[PDB]
């Protein structure tokens, strides 16, 4: 097999509000529930959030993983097609045309991504329910007009330190190197299709390049999302430092920095996975080009 996992497929719901990943915890919103555990431990009135987290948040997370796993049968079928399409030797030892296999790939890709969303729809509703319960729990803060913002500000300072650990410049360097090499390969295959008589090898390379393009798009999408999250929290740190605020304001403060930090934490893992997926595709492309040039040498 040329490809052993397809963790790089993701899907958003129709409202574009939630993004579902195959990587646990599957939604960045779960990391928000995790960050709120940290905020609540500094407010005596809401320390009971720890019991909400260990019951409702843990159950939601395990329900999310269960939903993802319901789609494993479609995933395995899709992996089977991918491995025929990427591998000329496997294509030559079956009898479906390359065009029929490509159409089946498109159908199974959308059925698999659709399963990831469909089986998680009730989980998305439960995110909204737990968010609402957190908003209600915050009512128990004693303050009303005079809520202190020191915990909020302290966590912004922590987040800025955490942001420095992320290889953000290296990710820019990587996706640029990779996009440029991708576009070079695409242009190169377009020339080879006229100079080299090897449609079995060329069609497989073209397919792998098509996959690489999908994964590049995902990388760029998640990279823009985490840069936006860092920029938003950085602008808070660079802006007017609050004094005391109303309880309603403090709720929104924690939801804002908790959700953007959750986006950052979730993007870390998603980008690392997509970087690995792109390196894996590079390996496959180069080995296919080895075959292409070796066949060309043989035909002189």
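Numbering follows the first chain given and starts at 1.
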| item | value |
| --- | --- |
| Selected stretch [higher average CA B-factor]: 162-170 or 148-156 | 162-170 |
| Average Cα temperature factor in the PDB entry - higher stretch of 211-219, 171-179 | 171-179 |
| Candidate set 56, 37, 251, 26 [ranked by C-alpha B-factor, highest] | 56 |
| Residue selected from 94, 131, 118, 76 by maximal Cα B factor | 94 |
| Among modelled residues of the same chain, the CA temperature factor third for residue 257 | lowest |
| Residue 205 - which third its CA temperature factor falls in, relative to the rest of the chain | lowest |
| Residue 196 - Cα temperature factor, lowest/middle/highest third of chain | highest |
| Third of chain Cα B-factors occupied by residue 65 | middle |
| Third of the chain, ranked by Cα B-factor, where residue 240 sits | highest |
